[PDB]
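> Everything in the sequence shown is counted per the entry's author numbering, starting at 1 for the first residue and increasing by one.
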Amino acid sequence: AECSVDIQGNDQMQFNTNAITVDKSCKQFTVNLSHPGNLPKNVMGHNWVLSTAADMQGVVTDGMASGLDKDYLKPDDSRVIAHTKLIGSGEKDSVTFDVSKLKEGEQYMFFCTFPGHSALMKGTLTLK
Ligand SMILES: [Cu+]
Numbered sequence: 001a002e003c004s005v006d007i008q009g010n011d012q013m014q015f016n017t018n019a020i021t022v023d024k025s026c027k028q029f030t031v032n033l034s035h036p037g038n039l040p041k042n043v044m045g046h047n048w049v050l051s052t053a054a055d056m057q058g059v060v061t062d063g064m065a066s067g068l069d070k071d072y073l074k075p076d077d078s079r080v081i082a083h084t085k086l087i088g089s090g091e092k093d094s095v096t097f098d099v100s101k102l103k104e105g106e107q108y109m110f111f112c113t114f115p116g117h118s119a120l121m122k123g124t125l126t127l128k
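(1) Measuring alpha carbon to alpha carbon, tell me which of 42, 40, 63, 39 ends up nearest residue 49.
(2) Quick one: measure Cβ to Cβ for residue 120 and residue 14, integer angstroms, because I've assumed they're closer than 8 Å.
(3) Assuming residue 46 contacts residue 112 (C-beta within less than 8 Å), just tell me the rounded distance between them.
(4) What does a CB cutoff of less than 7 Å around residue 16 pick up in its chain, not counting 5 residues either side in sequence?
(5) Could you check which residue in 41, 55, 92, 81 has the C-alpha nearest to that of residue 69?
(6) Less than 8 Å separating the Cβ of residue 110 from some heavy atom of ligand 1?
(7) Do residue 67 and ligand 1 come close, with the Cβ less than 8 Å from some heavy atom?
(8) Note down the Cα distance separating residue 92 from residue 5, rounded to an integer number of angstroms.
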């Protein structure tokens, strides 16, 4: 099983994948995020945040109101399953989480919580 994925967030406010499949055989899953853009994190910062599809809107809404210093995430938000830090041009960050934090039959979404970015920077994640 392929238990990791490399993802990029760029200056065009786009991730380079719209869907991630996590194989059930995997015990852990790793996301390696990078920023090939030129813009700094205060204007084009990107993070990779995971939640159920149902909780996405709440996480995004409260994240925006949280500010840059809080990585645009509501402190201790229980709806966030896993997340990388917010990164800007030339930076990279990885996050590894336990696959047992996911279940079959539930739709998950990964997205960036920087203000306005989730309109384009989002995708599905599914355990199969
Ligand atoms: Cu972003």
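Note that beta-carbon positions come from the ideal geometry of N, C-alpha and C, so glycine has one too.
On the basis of the coordinates in this document:
(1) For residue 49, the nearest C-alpha among the options comes from 63.
(2) Contact between residue 120 and residue 14 holds, since their C-beta atoms are separated by about 6 Å, short of 8 Å.
(3) The C-beta distance from residue 46 to residue 112 rounds to 5 Å, short enough to fall under 8 Å.
(4) Leaving aside the five residues that flank residue 16 on each side, the residues in its chain whose CB is nearer than 7 Å to its CB run, in chain order, 7, 8.
(5) Among 41, 55, 92, 81, the Cα nearest to that of residue 69 is on 41.
(6) Every heavy atom of ligand 1 is 8 Å or more from the Cβ of residue 110, so no.
(7) Checking the 8 Å criterion, the Cβ of residue 67 is out of range of every heavy atom belonging to ligand 1.
(8) Distance between the alpha carbons of residue 92 and residue 5 is about 13 Å.
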